[PDB]
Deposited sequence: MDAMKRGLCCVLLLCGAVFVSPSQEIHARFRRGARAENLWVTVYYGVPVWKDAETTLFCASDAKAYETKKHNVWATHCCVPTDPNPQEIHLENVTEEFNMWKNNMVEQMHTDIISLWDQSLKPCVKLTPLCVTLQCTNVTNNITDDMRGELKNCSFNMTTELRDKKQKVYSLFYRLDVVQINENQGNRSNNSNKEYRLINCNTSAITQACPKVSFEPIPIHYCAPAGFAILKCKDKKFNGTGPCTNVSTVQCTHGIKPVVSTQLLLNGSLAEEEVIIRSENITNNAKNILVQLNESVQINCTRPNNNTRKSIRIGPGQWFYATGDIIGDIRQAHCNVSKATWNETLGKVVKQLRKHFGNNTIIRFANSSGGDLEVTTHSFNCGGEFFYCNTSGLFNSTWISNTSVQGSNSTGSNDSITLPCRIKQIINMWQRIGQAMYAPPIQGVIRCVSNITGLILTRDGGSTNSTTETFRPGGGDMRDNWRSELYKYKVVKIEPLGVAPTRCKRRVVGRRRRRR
């Protein structure tokens, strides 16, 4: 027998590379994912997948942080804004739940000429100020610069697709009950991932993919209480969120081409922001989650759901960003049951945002005029388990990689190496 050389051989190795972003043709993602956007079944291929070690997740995480920072990098800083504020209560046609939530603050700030100053006022939410010595300063003035987000820039998530560079391919696992790690016996090759919306939230994962047959419970180690449980639902739960106050925007010149966008006066009555979850739907949804948890924790085990505990209102609440506004909603009205017409969740609003658990940076979110309505789909949950016949589950969050693992779990990147040899009966002459 003789060595025969073959080129174009259908083989591969696991690999880590840089994927590029493509989209479906002033949004950040639309601007970045400039490349515009089939599937090949691989019969008898049984490849091994590992969600918890998937490099595509780290790439997505890095791309989000980088774009966010590049987006804010050229925007006006609010350094000249942190002066002592003189604040009083907003008491005009305000309900009871809102008393003390809003303050009317006046202060001495700069103008376009170096020798001039102006007295201006703005409204602030209680969560954005620090009382001193009534006199206030903004949160984070003495620890970081606060950058105002540009009002023209949209952070609305749009679907994005990750695509392999030439020489690489993405393998997709089609096993309907795949639990993140292990062998997959139904594999296909794709050029790009499905459209993934880079939605940022805690506790409840919004606008993702649904499971096709049953609720799927995924964990790196289901028996390790230090790890999170990602729960993918097989139907969505619709959640209706709003910020009912008709607001205004007050543009203040702070320098030569530099503007600050202050919260202006509120038109009409002042009410608390909130989210509505259908009650029957939520109850049935948890019953399904519980059946699947029993498969790991015992069919005679008591399963309890309880709310969050420690941490700031970044993780103890359901954080989300819709309509350009940042909401921190109370989910204790959802995670309150023991297993053997609507639920209203009150919400808090903040303008000074510390993204991705960093402490040296902050963003100021300009006010949004009018009234905000958002309708979202709950597609999954993040649960944690308490550390002998009863188990207790609580909402989790904070580490964004776990949100992106809920979509990038079916995909693996491999490198194609189309060259090899094998014995044959031919001889070159």
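Exercise. Which parts of the deposited chain sequence are absent from the coordinates, listed in sequence order?
Worked result: Sequence ranges with no C-alpha atoms are 1-38, 64-70, 83-86, 183-193, 401-414, 462-465, 508-516.
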